[PDB]
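Counted from 1, the sequence shown has number 65 at position 65 by PDB author numbering; the numbering is strictly sequential. In this text, a Cβ means the ideal position worked out from N, Cα and C, and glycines have one as well.
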Amino acid sequence: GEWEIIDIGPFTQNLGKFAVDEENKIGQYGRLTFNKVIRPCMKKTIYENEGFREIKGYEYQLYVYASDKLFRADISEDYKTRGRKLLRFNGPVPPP
């Protein structure tokens, strides 16, 4: 239950390439080529219990250009394993 904007850099680029790799496995938008992740990129912190410190994981909301179209992708990341999962990939959406 906490939100921050993170600047884009190699870290968000790597998330955007993960999103496009995962969605290509799914195929619901056909074959996609990764171009780049643009601002803004939101990061949500998910705590085990509201009001306590222990971090369960994170969710990142990205705007990702792929095959020259713009999509919104959400990715989860487990705080202990570092495992990631593509939660949603929708689009084209309009530019923010």
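The beta carbon of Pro96 sits closer than 7 Å to the beta carbons of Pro40, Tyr63 from its chain, once the five residues preceding and following it are set aside; these are given in chain order. With a threshold of 16 other beta carbon atoms within 10 Å, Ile5 falls short and is exposed.
Relative to the Cα of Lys43, the nearest Cα in the group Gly91, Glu22, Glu77 belongs to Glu77. A residue is called buried once 16 or more other Cβ atoms fall within 10 Å of its Cβ, and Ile26, having fewer, is exposed.
Scanning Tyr60, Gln61, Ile46 for the CA closest to the CA of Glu54 turns up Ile46.
Under DSSP, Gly57 takes part in a beta bridge, and its partners are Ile46, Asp78.
With respect to the 7 Å criterion, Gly16 and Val37 are classified as neighbours on the basis of their beta carbons.
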